[PDB]
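Okay, so here's just one chain, in structure tokens, the form deposited in one PDB entry.
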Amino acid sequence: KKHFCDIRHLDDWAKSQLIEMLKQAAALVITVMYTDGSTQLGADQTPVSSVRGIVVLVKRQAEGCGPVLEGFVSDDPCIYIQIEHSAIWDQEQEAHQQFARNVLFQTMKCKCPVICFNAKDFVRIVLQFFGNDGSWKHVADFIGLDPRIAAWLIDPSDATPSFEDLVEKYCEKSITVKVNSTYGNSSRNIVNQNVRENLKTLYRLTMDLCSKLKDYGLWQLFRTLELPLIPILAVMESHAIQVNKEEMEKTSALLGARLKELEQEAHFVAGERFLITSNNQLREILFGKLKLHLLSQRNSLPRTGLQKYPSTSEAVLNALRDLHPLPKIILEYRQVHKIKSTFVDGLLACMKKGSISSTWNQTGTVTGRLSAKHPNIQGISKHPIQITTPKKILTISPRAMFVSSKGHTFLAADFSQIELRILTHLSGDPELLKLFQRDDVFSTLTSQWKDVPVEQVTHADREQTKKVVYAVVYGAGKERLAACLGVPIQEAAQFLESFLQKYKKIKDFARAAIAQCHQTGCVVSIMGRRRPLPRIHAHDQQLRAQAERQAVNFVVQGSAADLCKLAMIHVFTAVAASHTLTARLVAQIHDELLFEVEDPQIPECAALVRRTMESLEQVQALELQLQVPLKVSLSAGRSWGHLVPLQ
């Protein structure tokens, strides 16, 4: 009515008054309206249509004086800002765009609370709307209150609740919302009225969720760590990483050829034509037909079976690699198929315009880690794999596909052995704490443990030490460890308990974490992220033990996640305030930050990055203090696959 305004049609004095209102507002409540018109308020999770505009409820008083008559608007008014392009571009569109950008920037820099249901989407839309006028540094300081993220911090198990869900759950009480109205199942007036009402309700819900966050002790985490990350993710989604289409296209062909060769060999040695991609048929061949479990390697496999017959898993197959020529073939086939199918064919399916951009999910996991999708840049092969060309030696690197846009170079910052250091901090183990006080830590760990001083003793042990380290880090077991490393259950158990009896504190830390869980009913990371595990109270001992394992794992994994997010935020903030530095965060591989930076700026930024990241050891606030320093490894290069170390 008078509560809904198109800012294009405001008189200019009213435009000025509007800007002043946005400056003096108590709270801003924002949702994105699509062409339906639907909203971020549900229940559709991904809009099949595109963005029409942004609706902003301007609250002149926040629930948690004196009358004002503005006269061009009522109290409290909803303003509408058109994002969508028109059919014809001209000067008037330029003008409209100018005022719109001014308003949206006022939304970005305002001193009041800004509540948006999905904040990253909104920030991204605004970021693309600014275009030329603005850079990513404009939105760096934006803090939206995202109720979804709050509800995620409370109950991490459910990643994607709708708005109507959250209202029912955390809103007290009896509030009904109609979020489903669109043009064509109803009028505008209905859509708009419901938008206003639902925006008010959104404010209510957000405030409730904030207080609950304060109750559960999650507030400082929410504000300090989760919220400042939103514009960072939005910026990463607003930038595309160039990739080679030509190269992939070829390689795909090559890998296809090799795959057929391998399929032919497999059918040859198996003694029949089966489905090379079917694990069931291979399961029947290896075991029902060739009967290899029964043969020399009996009980090498997990049991005579996991059930009747063992699995086709790489452990089982590696146990059989001497018995028959098939397992090796299946393995190489799996490797090549993985690379081609996912790292090339799928990466070709993602790209637009010589480049790809991953979608980031903050509420994605229960450990507090980020997840990346379509394509998952966190799951890209680290080590280049070698194949024998069909028709010389052929080398293939998936990470070599991602190249910087000259003139720019990639700058990668890795947290060295961060899980182990977090574990040291938590356990407070004397020997591990002695270990870090610089040069190739895992080797020195291998020596200190094995009491063998070999300068760089066996690489295989370097791998064994790592494998048992992670066997205990993600806890725990004799069986699973055994599966990782190629040795029998007893040997794995002895390796494990040797390690745990060399460092006593770790067992004590684990026991303490389990004790905490059962007591509270959840477990807590360093910065206060909580992982509820009700099955810790379960009478079933398998469930109980599983909950214990999860409890032990979440402390380490979640703490590492906290530190990575913190580093992300601190570096982003550090760069965002520079006269000079253009370095842009491109992606985060969990413990590795990947930047694209201007070629000349390399020494200046690499300084800033390492300085910023290493100082994360001591920070207030929160009362964060680490028992062990954080070593940061820097590298640079024109391609992601090839990065030459720096300093």
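In this text, the rigid core denotes the largest set of C-alpha atoms whose superposition between the two forms falls within 1.5 Å. One rule holds for the numbers: they count along the sequence shown, beginning at 1.
Counting the unmodelled positions of the deposited sequence between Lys391 and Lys392 gives a gap of 4 to 9 residues. Coordinates are given for every residue of the deposited sequence from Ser174 through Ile175, so that no gap is recorded there. For the pair 191-199 and 531-539, the record assigns the higher mean C-alpha temperature factor to 531-539. Just going by the entry, 87-95 versus 453-461 on mean CA temperature factor gives the higher value to 453-461. Annotation for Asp155, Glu497, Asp562, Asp121: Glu497 ranks highest, by Cα B-factor. When the Cα B-factors of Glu237, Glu491, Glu265, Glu548 are read from the PDB record, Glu491 comes out highest. In this PDB entry, the Cα temperature factor of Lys109 sits in the bottom third of its chain's modelled residues, the lowest group. Sorting the modelled residues of the chain by their CA temperature factor places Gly368 in the lowest third. Sort the chain's modelled residues by C-alpha temperature factor and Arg544 lands in the middle third, per the entry. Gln618: CA B factor lies in the highest third for its chain, per the PDB record.
When the CA B factors of the chain's modelled residues are split into thirds, the value for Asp146 lands in the lowest one.
The form deposited in another entry exists for this protein as well; it is not shown, and the discussion that follows is about that form.
Just a single entry of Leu566, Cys171, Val473, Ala266 exceeds or equals a 2 Å CA shift between this form and the one not shown, which is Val473 (rigid core superposed). The Cα shift for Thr424 between this form and the one not shown, taken after rigid core superposition, is smaller than 2 angstroms.
Comparing the forms between this form and the one not shown on their rigid core, the Cα displacement of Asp461 reaches 2 Å or more.
Positional change of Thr446 between this form and the one not shown reaches 2 Å or more at the C-alpha, relative to the superposed core. Note: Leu445-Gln625 Cα separation is 3 Å or more longer in the other entry than here. The pair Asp461 and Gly379 is at least 3 angstroms closer at the CA level in the other entry than in the present model.
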